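**Student:** One structure coming up, written as structure tokens, with questions to follow.
Every residue, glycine among them, receives a Cβ derived from its backbone with ideal geometry; neighbour counts consider all protein chains shown. Throughout, read-outs are computed from the coordinates displayed, never taken from laboratory work.
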Amino acid sequence: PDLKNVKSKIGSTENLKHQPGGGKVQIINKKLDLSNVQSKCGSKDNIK
Amino acid sequence: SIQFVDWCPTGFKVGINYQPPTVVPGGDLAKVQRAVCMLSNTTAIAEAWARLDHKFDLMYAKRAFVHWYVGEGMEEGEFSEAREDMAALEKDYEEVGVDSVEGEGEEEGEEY
């Protein structure tokens, strides 16, 4: 006898393209703007 | 050392009932408070299926007993169809034994 060609069915041989692929993460951080800010009591200029 | 497949991430299943094994008259077991059935899927049986497929080949090579089947209205092509299916199986049972290896060559360190 002869079998010519035969192969397995179905598993890890059909998976070899798809890893799958991974990704990327990031924070999750900010600031605030302070540029407007002055004190809200204010007598010391009255020295004038 | 009770070897699982290397790939295995999980490979147990549990089930629990309160009824114990029961004694039948004429029976052969001792009366006990507890018991376990176990079903194991394993690559090892596949070599025992090569024993049977070699036991197929050795007769088919001699067309031993073959005529008992052709006259029933199925073919010598219908033995080889079913034979080619045992080969796809033998070759896939090998594949699920693999140590997640999908490589082509081997590699060596530094020795003296």
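**Student:** Would you call A:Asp2 within 30 Å of B:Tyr60 (Cα to Cα), exposed (fewer than 10 other Cβ atoms within 10 Å of the Cβ) and of a type outside the set (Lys, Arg)?
**Tutor:** Judged against the criteria, A:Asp2 is a match.
**Student:** For B:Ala48, are the conditions met, namely being within 30 Å of B:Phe12 (Cβ to Cβ) and either of a type in the set (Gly, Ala, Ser) or under 13 Å from the mean Cα position of the chain (by Cα) (or both)?
**Tutor:** yes
**Student:** Right, something else. Taking the conditions exactly as written (without any contact (Cβ under 8 Å) to a residue 12 or more places away in the chain and not in a loop (DSSP other than H, G, I, E, B)), does A:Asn29 satisfy them or not?
**Tutor:** Against the criterion (without any contact (Cβ under 8 Å) to a residue 12 or more places away in the chain and not in a loop (DSSP other than H, G, I, E, B)), A:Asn29 does not qualify.
**Student:** Inside the stretch B:54-112, can you point out the residues that are among the β-branched types (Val, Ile, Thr) and either at positive phi or within 12 Å of another protein chain (Cβ to nearest Cβ) (or both)?
**Tutor:** B:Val96, B:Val98, B:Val101
**Student:** Okay, moving on. Checking the structure you have, find out if any residue of the stretch A:4-26 is within 12 Å of chain B (Cβ to nearest Cβ), at positive phi and not acidic (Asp, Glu).
**Tutor:** Yes, the stretch A:4-26 has at least one match.
**Student:** When both residues are 6+ apart or on different chains and their Cβ atoms are under 6 Å apart, which pairs have a first residue that lies in the stretch B:6-25 and is farther than 30 Å from A:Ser12 by Cα, and a second that is surrounded by 10 or more Cβ atoms within 10 Å (Cβ to Cβ)?
**Tutor:** Correct list of pairs: B:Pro21/B:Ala35.
**Student:** I would also like to ask the following. Mind counting the residues in the stretch B:17-72 that are closer than 30 Å to B:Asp92 by Cβ and in a helix (DSSP H, G or I)?
**Tutor:** The qualifying residues number 18.
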